[PDB]
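Structural overview for review
The lines below spell out each chain.
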Amino acid sequence: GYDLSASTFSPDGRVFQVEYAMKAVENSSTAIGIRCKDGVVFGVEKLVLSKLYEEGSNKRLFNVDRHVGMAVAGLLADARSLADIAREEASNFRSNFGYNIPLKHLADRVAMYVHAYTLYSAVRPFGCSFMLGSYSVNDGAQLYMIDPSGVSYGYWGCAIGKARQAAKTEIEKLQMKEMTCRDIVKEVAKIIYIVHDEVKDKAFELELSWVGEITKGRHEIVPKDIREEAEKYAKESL
Amino acid sequence: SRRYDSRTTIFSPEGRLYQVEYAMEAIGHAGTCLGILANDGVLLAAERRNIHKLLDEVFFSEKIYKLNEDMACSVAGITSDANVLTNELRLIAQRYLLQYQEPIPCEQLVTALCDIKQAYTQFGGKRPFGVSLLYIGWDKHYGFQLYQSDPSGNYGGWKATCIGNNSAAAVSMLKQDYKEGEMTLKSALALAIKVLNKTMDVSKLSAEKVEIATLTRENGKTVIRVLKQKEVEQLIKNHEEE
Amino acid sequence: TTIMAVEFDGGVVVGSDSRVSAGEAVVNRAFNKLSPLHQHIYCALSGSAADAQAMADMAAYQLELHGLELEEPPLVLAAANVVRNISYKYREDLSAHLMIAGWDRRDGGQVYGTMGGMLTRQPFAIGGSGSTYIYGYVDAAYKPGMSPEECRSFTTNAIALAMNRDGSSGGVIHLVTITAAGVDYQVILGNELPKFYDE
Amino acid sequence: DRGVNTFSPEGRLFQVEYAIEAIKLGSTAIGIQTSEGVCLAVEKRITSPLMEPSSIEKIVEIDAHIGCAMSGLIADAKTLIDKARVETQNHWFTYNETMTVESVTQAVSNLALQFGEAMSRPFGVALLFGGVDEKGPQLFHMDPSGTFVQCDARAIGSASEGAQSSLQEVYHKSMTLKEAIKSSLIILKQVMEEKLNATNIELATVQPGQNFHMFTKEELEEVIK
Amino acid sequence: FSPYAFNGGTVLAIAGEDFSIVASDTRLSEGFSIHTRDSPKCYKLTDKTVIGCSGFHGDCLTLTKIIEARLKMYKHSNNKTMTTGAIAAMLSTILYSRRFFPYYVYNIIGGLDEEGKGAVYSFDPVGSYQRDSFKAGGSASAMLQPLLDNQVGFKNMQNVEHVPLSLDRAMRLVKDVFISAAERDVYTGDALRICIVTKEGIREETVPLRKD
Amino acid sequence: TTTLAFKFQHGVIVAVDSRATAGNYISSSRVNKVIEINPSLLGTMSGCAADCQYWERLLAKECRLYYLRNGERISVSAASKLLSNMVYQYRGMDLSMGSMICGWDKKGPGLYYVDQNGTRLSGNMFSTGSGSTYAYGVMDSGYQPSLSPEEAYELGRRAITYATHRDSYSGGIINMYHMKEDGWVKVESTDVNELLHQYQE
Amino acid sequence: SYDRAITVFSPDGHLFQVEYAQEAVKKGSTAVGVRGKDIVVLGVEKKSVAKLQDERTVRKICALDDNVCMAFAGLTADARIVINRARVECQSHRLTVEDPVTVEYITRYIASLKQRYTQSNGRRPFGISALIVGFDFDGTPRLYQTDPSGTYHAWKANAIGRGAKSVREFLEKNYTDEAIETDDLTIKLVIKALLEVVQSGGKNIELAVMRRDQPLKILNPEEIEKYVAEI
Amino acid sequence: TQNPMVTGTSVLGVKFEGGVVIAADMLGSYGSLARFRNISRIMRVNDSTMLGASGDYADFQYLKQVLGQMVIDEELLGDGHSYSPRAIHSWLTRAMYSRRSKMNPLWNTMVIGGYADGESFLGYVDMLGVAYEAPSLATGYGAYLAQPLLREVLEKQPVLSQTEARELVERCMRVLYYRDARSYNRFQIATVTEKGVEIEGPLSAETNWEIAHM
Amino acid sequence: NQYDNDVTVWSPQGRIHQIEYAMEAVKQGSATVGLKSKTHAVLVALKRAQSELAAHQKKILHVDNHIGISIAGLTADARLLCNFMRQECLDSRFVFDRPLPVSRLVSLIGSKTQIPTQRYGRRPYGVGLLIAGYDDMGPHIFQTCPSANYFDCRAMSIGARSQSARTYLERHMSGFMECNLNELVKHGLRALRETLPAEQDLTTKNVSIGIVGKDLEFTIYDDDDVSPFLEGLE
Ligand SMILES: *[B]([O])([O])[C]([C][C]([C])[C])[N]C(=O)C1=[C]N([C]2[C][C][C][C][C]2)N=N1
Ligand SMILES: *[B]([O])([O])[C]([C][C]([C])[C])[N]C(=O)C1=[C]N([C]2[C][C][C][C][C]2)N=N1
């Protein structure tokens, strides 16, 4: 057994425990992030597993700082822990240096924290993936994605979850570079409706959040009325 | 973590401590160590394993270590493990002297080291020390004494005893040749040679293959010395004529 | 000790005296109290020489690492915050006021006073034992919109007036001008200092 | 090999389930709570004729108003018994009053699942707490899982299944202490391998106004007839 | 720097056959100035227990919060409300835990005991306490206590019937001693707050005192 | 404060006054300065009221635990040693407690003096408190080991009364106890003013 | 720090390591205790009777204090540790209670320590069983027996070690009041019991008697020989 | 903090119909020297709470940093719960008391103003942990100079309008400038109502020196 | 097989068997139902009886004036979590002088119960909970699990045969908001009754109630106090 611990390399140079944690992310629902000219829009296909649950239960969109949003996929409990780690990192940076933590630096810190759970037998790798979106006058729009192994990259468009491949194809058709947040929100809604499965995983709720010039650098949930148009437009599209 | 733990300090199904028994196996193949108590002193005779021609000689001895002013010891088993215990013995003796301003009684020193050995066999998860020791010393309570302790933490006082290679056969010879209360250092040295000649399997005994130390009282003071090649060579000659 | 820093459109001018004293004896008459924390960020030291030197080194180290992690030149406010943090945390043990001045691409020339753990941004700052004698002088002479040359002249005059009156100040005047183009050092020797009413 | 805090496929902690198995090898203890008080009877289960019956203590005093009967691994019970005694005395010192039976049982129960790799395993014992407080006579039962509950009548130990049946067929809300004491001894004798005399069993009661009282040899003989 | 401040204030408690009264003035002070004229010094603990505190207001606020939490913790682990006497026993140990850096508070507890009779307990700052029939604490305590000894305890009187104290008489006496204390003690004034504890619950009454 | 105790042919007498003060102000005249640990054990208090009340109550807890663990009832000698070891850990920290531990165990009537410094002494008679020197004078002048119970009660009452007359810190009422083989009995609770007026006449 | 749980519950409700510790006790030297009128008798099989051995260095019977002695069976190194822990306990009890410990008090402490090693992380249970005797403050004779699990019981007569059952089975039928009437009669019961398992009973048996206010009075070769002679 | 370096003087506060108003000058004093003449001693906590502080400026900056983060942390959750003025006042009280208990006090006297659920809040918290509420407040030298005037107006008219409260505060600022040696004629006025927290400044009081000629 | 002994071991299908085994503990416990209206939050638990002579094991616990909880699974774990919740609530009142918002308390339970699912040698809490509470945002019903996940629900049921209780709640949930306290509790008892086998019924010996609302502190009704709620139920 070469795949029982994170501190054991297999004969062909692989850490099977880290790869098993990635399977958990692939079982989760899709979440996409799109970076445009004015900011970043987040969209999650939140599956409603029961009618007894209230609307807004088990949200997958977090606020880790005033200007930073986080979209997650995988084990919700693992993801909530990572969100707390990120919040503390942002708060710590403000205390030590006196200003808003740059997104890239925040993504680096969290990724290394994630990377620390992939070296020992004493702990197990995190079972989730997440995206970090942000916007500031100085830095502009930023979007990063971190997976269970701890690798983090910057993206123009990203997707995580079960239909990550199908969502990626949809994202490549758009020209987000010259687009603005307002028109991108509808597109994000559209893509999630297209990749959503009907036969399996019946009934889902669309979660939307954004950060950019339109929200004055503050990450927040997309206003209900703006999400209405997007939901309407996405329904007609497909 | 649990998958790799060798569990060194647990009871086996028949109430045995495997690591302790396995360490005893290692001591049984090591160099022969014999101790004999006489009326005017004690002696230590140990077979040398380091006999290569390119080896150099610059220490006090090889298997005989002075512990304090009135005590010496010999070891059998893992050499590097013996270095750790011998250093610990020296510290125990010095700590007793710092506290009471008197040399530590022989038996008290052995008991303190046995406590450390017992601790390894009960908790901690570490492998035990693979060493068996022979102690010779003089104190104001019991005079000349001889002790032997092993990896389990057990020890005992003896008039003559042997540890290491062919110790069972050496002990047999000692039973039929040792005269209780009628032995002298000169007569003990001859017996040592006799016993050493039998247990060892290399025909000619040889002075280079052995190391002998004696402990005596001279002018109100303990004297511990390792016999030189000449004295040892002469002793071997005596056996030939004997 | 007398230190002073002035903000101008496009950079800062920072200067100080060169006297280190132990009671009535001058232990070092040509000490450099202007210390660089980074390429475009400087700090003026006043108070205990040991405390200030230790703080400056600790900060330079923290800022260097910070700059390599963020892949960009550190902001002047970040340098002031790092100094403020150390100064506030150890206020009971440290007896040194590290005045911060520098240039960055976001806010330009900035001067920060961080004495005792309190951070304040000012158009011009003065510190040290000798600064008490020039408060009146700087309040009446300072004018907004001064050029770097005028700022250099303004700083030299104020320091010279303090050196003449304050026993703990004297020697030469160290001067550094920081802008986007870089750091310019300058030393005004004893025989080249501004002269005022002396007798 | 698994760790001590491993869950089984059916949702149970292996070690806790094995500890409950140990309770089944222990001597039978019976507890009955009535309106006039609570009585505790435990089979001494003396192994040999050379063994002194007085040295066996299955019923102990926690405080003046609280008694305790144990079953299972007796050596593990001592740790809990001392803890309980300390709790009530601490409570007396702090609040100048007596601790209730429920509170004492709760405090002792909180030490059941505190083990991992500090206890290295759960306690292999079951306890019966009987006493009197403001709510009158009270009988509580605690097992190795940390679960404790108030009971009217309860049997623990090797023959607990048989004892329980008898108990529930002969117990009513109006029965007096005398009936309980007699009834509990009747059932003890029926499930005891050896003959029930006055030296091979233990009995104690606690009533309102009276302290924890361990029946003597003479008092048992009288009742045994 | 001094970790204490004298904030003034007087507290009184009186136990009757089936009632207890806890009263206090409402002036909070520091030095020669008045911080506020509306700071009562008596807090409700349960439906039959009130505590009156006086001394350093910083410790008075913290101790009341600590007692309030201990009552909830006791209820959760004992399944009942703490009685007046268990609260008194517990307060003693809390004050003695800061025996080397004491709470500078004079406490007086007033309530009903388990037999429904009035109970009063008085404390010194480090925890020593006892049950009394009546007690004054705080700034004007040495002015009030001698008068209560004579008019409630009947000390130094001959040919006097020792009748039981009624609520009505006890109320008038409480108002009178505080009126006398506001004339002489500079820290006592503004208003008088009286809490009456009986089996029907706690009723409050407020009476004005001199403002100078 | 004045407390006293003495052994005689019929057991131990223990008597105290009941005054507590803060400076010159008399904070109480009804303090109970005798703690009843168990039915055969008593503790007297002198010094700081909170220290005495707290450490003697802690001894009572330890005495009770000892009885539950051993099933035997602690002896007077072991109770006093337990108290002396308890307060010895805080030596030098300004604790103020002067106690007498009195009882009847297997070795007969026991009387020990224990104080905050760690002093522990067994004896036939002791007095503690600010009025203790006055009590010693009267107690030693009229003490005989063959006193009858009534005579011992009278000596105890006179020694406390005269101490309260001379010592400003003592007064109130006298609480007296009688330690016997079967346990202690509370003898009486008399106001010292009634006593002194009856001695004055 | 090694914190692995060594003693855990088995499926049948048994503690494997504790049962294995009991196996070790079975291989130990036979020890026999018998209660008497005003003296307690302890008999241990000397076994190792080598002619090159310093007999005094390896005594099984030891003193815990001035009033309590004890014999053990099983791992001799484990025994030495427990004996020394009890010695410290006796000293502590004399400095906090101002009185010597009773027989049951030291038995309780020893039993409690054994129980602690069956429920602690990183350690195995002690592999020994002990027989504790002596007299209390008044003057009554006691005989207790503790085992590896931490349970202890008072006995009239008991045996431990190898072939303990055989000596226990024979002890029931031979223990009476006439048998333990006189001091020299308490030495007769023990020896016979030991003789049922001890090879060449005679010089292979150590002896010790604890009297009233009298120290550990070990018997001697000839002293024991007298009884052996007559028998 | 046993030795405060740069300190601020009095802080005023008074309740009015539908809000609270607080005032403080912009001076940072170093002993008797008026070292920093342009520092704000009033901070907006959230939409319903404001904070004024006297005493050690570095301690106030540290409290402002900690309080500011707490509010940000709470806002991240977006759960519909926010800190009320009362809750902040309580938190500050515990913070000060804790520091005082470790013999390392935060050398500040604070005034907390707030408006929530149609109720105006005014709290005081000193460095020893002493806390309370009142219709009007004045720290430091204001307790002796401003409070008397404030209380006098509230003894005749308990409920003030926003305009009345504002004028009353300005009258107090002038008196403070005339009689407090550590004061400066440059101050800020913060107001909290249903619309949020507003901070006006810098302001100056009109001074009369007619008596000098007399 | 080799993937179901430790909580730190991910299986090849991307699951953690130990956490799934801990969920089994909740499923075997007696059912408990939690529902709410626009003004109230109700907790209804089926008290199980180990014996015929023993008392019914408590299921509903007071945590604070505005918060109540119901437990299903390991009792030891429930007490540990309840103690933690009580302490968090006490801290909130001591520091901010106000009740801790229910949602924030549930978040704290989530992070605390997640820690042991990632550390070697630790085990997940084997208990599920139903949290009833009332604060500024109204009445709430939360559900926690052994995998540290939590849900905000309109109504919920956990424990043995709670699927049928959930089935019942699903069809009657539409008229829960407008429902008044008395009828809201009935809907709760009816759903709880579904989990019982045909023969057995809801009595005053096996049904405990917990209620909290707009103008009511969390109160637990047991034995004779639950009579009123039962009487009149078809
Ligand atoms: B200045 O006077 O403030 C000056 C500024 C320093 C260099 C930052 N300080 C000092 O003069 C000074 C002198 N010393 C020590 C005195 C004792 C001998 C070593 C130097 N510390 N600060
Ligand atoms: B006695 O005077 O010793 C008496 C004995 C006590 C009541 C058991 N002591 C006191 O009167 C007394 C005085 N104090 C403090 C002294 C310092 C000021 C506060 C009171 N504590 N007990």
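Residues numbered from 1 in each chain as written, not as in the entry; some residues may be left out. Chains lettered and ligands numbered in written order. Part of a larger assembly, values for the part shown. Heavy atoms only, no water.

- Looking at the method and resolution fields of the entry, one finds cryo-EM and 2.00 Å.

A word on the packing of helix 2 (residues 76–97) of chain A against helix 2 (residues 76–89) of chain C
- Running from N to C, helix 2 of chain A and helix 2 of chain C point in directions that differ by 85°, and their axes come no closer than 7 Å. In terms of orientation, helix 2 of chain A and helix 2 of chain C fall into the roughly perpendicular class. Facing helix 2 of chain A, whose interface residues are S95(A), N96(A) and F97(A), helix 2 of chain C presents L77(C), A78(C), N81(C), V82(C) and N85(C).
- Looking at the contact of helix 2 of chain A with helix 2 of chain C residue by residue, the class counts come to four nonpolar, four polar and no charged. (Axes fitted to C-alpha atoms, helices over the stretch in contact; angles between N-to-C directions. Helix = DSSP H or I, 4+ residues; strand = E, 2+ residues; numbered from the N terminus. Parallel < 35°, antiparallel > 145°, perpendicular 65-115°, else oblique. Contact = heavy atoms within 4.5 Å. Nonpolar A, V, L, I, M, F, W, Y, C, P; charged D, E, K, R; others polar.)

Notes on the site of ligand 2
Residues and elements named next belong to chain F.
- The environment of ligand 2 is made up of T1, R19, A20, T21, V31, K33, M45, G47 and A49.
- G47 is positioned such that a nitrogen or oxygen atom in its backbone is 2.9 Å from a nitrogen atom of ligand 2.
- For ligand 2, a nitrogen atom lies 3.2 Å from a polar atom in the backbone of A49.
- Coverage of ligand 2 by the protein chains reaches 67% of its 520 Å² of free accessible surface.
- A breakdown of the residues in the shell around ligand 2 according to their chemical character gives four nonpolar, three polar and two charged. (Near = heavy atom within 4 Å. Polar contact = N/O pair within 3.5 Å; in protein donor to acceptor, adjacent residues only side chain to side chain. Areas by Shrake-Rupley, 256 points an atom, 1.4 Å probe, with all protein chains shown as cover.)

Focus on the pattern of salt bridges
- For the structure shown, the criterion picks out 90 salt bridges over all chains.
- Here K140(B) makes a salt bridge to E102(B), at a shortest N to O gap of 2.7 Å. With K140(B) in the loop between strand 5 (131–139) and strand 6 (143–149) and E102(B) in the loop between helix 2 (79–100) and helix 3 (106–122), this residue pair connects regions lying 38 residues apart in the sequence.
- For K33(C), the salt bridge identified is with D17(C), shortest N-O distance 2.8 Å. Of this pair, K33(C) sits in the loop between strand 4 (25–28) and strand 5 (34–38) while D17(C) sits in the loop between strand 2 (11–16) and strand 3 (20–22); the two residues are 16 residues apart in sequence, bridging distant segments of the chain. The pair formed by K33(C) and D17(C) is uniform in burial state, with each residue classed as buried.
- In this structure, a network of salt bridges that share partners links the residues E154(F), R157(F), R158(F) and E188(F). (Salt bridge = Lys/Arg side-chain N within 4 Å of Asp/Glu carboxyl O. Buried < 20%, exposed > 50% of the residue type's maximum accessible area, 1.4 Å probe, protein only.)

Things to note about the interface of chain A and chain C
- With eleven residues of chain A in contact, the opposing surface of chain C contributes eleven residues.
- Together chain A and chain C conceal approximately 930 Å² of surface at their shared face, both sides included; 56% is due to carbon and sulfur atoms.
- Its largest share of buried area at the contact with chain C, chain A owes to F97(A), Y99(A) and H105(A), together 49% of the area lost on that side.
- The interface formed by chain A and chain C includes zero salt bridges.
- The tally of links between chain A and chain C comes to three residue pairs in polar contact.
- If you list the elements that add at least two residues to the side of chain A that touches chain C, you get helix 2 and helix 3 (103–115) of chain A. (Buried area = accessible area lost by both parts, 1.4 Å probe.)

Quick word on the arrangement of the chains
- Summarising the chain contacts, 17 pairs of chains touch, and the pair with the most contacts is chains B and G.
- Nowhere do chain G and chain H come into contact; their C-alpha atoms are at least 34 Å apart.
- Across all C-alpha pairs, the smallest distance from chain G to chain I is 10 Å, and the two are not in contact.

Observations regarding the UniProt feature "active site" (unreviewed entry) in chain C
Residues and elements named next belong to chain C.
- Per the UniProt record, "active site" (unreviewed entry) is found at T1.
- Inspection of the secondary structure puts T1 in the segment before strand 1 (3–8).
- Those residues within four positions of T1 in sequence are excluded, and the remaining contacts are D17, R19, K33, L45, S46, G127, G128, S129, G130, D166, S168 and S169. (UniProt positions renumbered as here; feature names shortened; annotations may be inferred.)

Quick notes on the sheet that holds strand 6 (residues 41–44) of chain F
All names here are of chain F.
- Taken together, the five strands give an open sheet; going across it, the order is 5-6-7-8-9, and neighbouring strands pair in antiparallel fashion. The open sheet has two free edges, formed respectively by strand 5 (34–38) and strand 9 (120–122), since each of these has just one partner strand. When strand polarity is set aside, the average angle formed by the axes of neighbouring strands in this sheet is 20°.
- Strand contacts of helix 1 (residues 49–70): strand 5, strand 6 and strand 7 (98–105), with the helix running at about 10° to strand 5, the strand carrying the most contacts. (Pairing = 2+ DSSP bridges.)

What to know about the environment of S200(G)
Residues and elements named next belong to chain G.
- Here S200 is to be found in the loop between helix 5 (183–195) and strand 9 (205–210).
- We classify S200 as exposed; its relative accessible area is 66%.
- Sequence-wise, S200 and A111 are 89 residues apart; in three dimensions their C-alpha atoms are separated by 34 Å.

What about the interface of chain G and chain B?
- Taken together, the contact between chain G and chain B spans 30 residues of the former and 38 residues of the latter.
- The junction of chain G with chain B conceals about 2900 Å² of combined surface from both sides, 51% of it contributed by carbon and sulfur atoms.
- Looking at the side of chain G facing chain B, the largest losses of area belong to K51(G), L52(G) and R124(G), adding up to 26% of the total buried there.
- Taken together, chain G and chain B are joined by three salt bridges.
- Of the charged contacts in the structure, one is a salt bridge between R80(G) and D115(B), with a shortest N-O distance of 3.3 Å.
- Here chain G and chain B share 21 residue pairs in polar contact between them.
- When grouped by side-chain class, the residues that make up the side of chain G that touches chain B number 14 nonpolar, six polar and ten charged.

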